[PDB]
């Protein structure tokens, strides 16, 4: 089942409100044709260059950042082009990205919320339709809708009274979330 970790700062927020606010603030990095700039809006893989156990990206306008964890593969120019696929186990959101391949991994100096045990897997053949791609490219583009939909389904699978409209504290009481210090 999904497992959520949240800073106590967000105890009274709904998951949906938190994600809407976080993604709007992170913004759209404009990772799109004619606009990709290495070291600005590509993000990076650990160990990389285009595959690994983590993909991480900092916003182009602030130190907000996320880390996707699992067993990830980015096709780049290979068919189907520009597809992130593989196994997505976790998404961590916060600010102040640290580390990288040369450090052995990425971390957030302020990790606000993480969603783990997501159990998502997308085959290469689905291309940019795959859930993994939609979740992560959504975040890159300042749009948490795809992530929200996957979290909502995972919460319903625990109990249909649980949803992204639950607060983090409600989810803790329901056995799927735990608080961390602010």
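Positions refer to the first chain, counted from 1.
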Taking the mean of the C-alpha B-factors per stretch from the entry, tell me the winner out of 47-55 and 31-39.
31-39
Residue of maximum C-alpha B factor among 119, 69, 127, 138, per deposited coordinates:
119
Taking the entry's C-alpha B-factors for this chain, is residue 101 in the lowest, middle or highest third?
highest
Can you tell me which third, lowest, middle or highest, the CA B-factor of residue 19 falls into for its chain?
lowest
Assigned third (lowest, middle, highest) for the C-alpha B factor of residue 114
middle
Ranked against its chain, the third holding the CA B-factor of residue 86:
lowest
Residue 146 by Cα B-factor - lowest, middle or highest third of the modelled chain
lowest
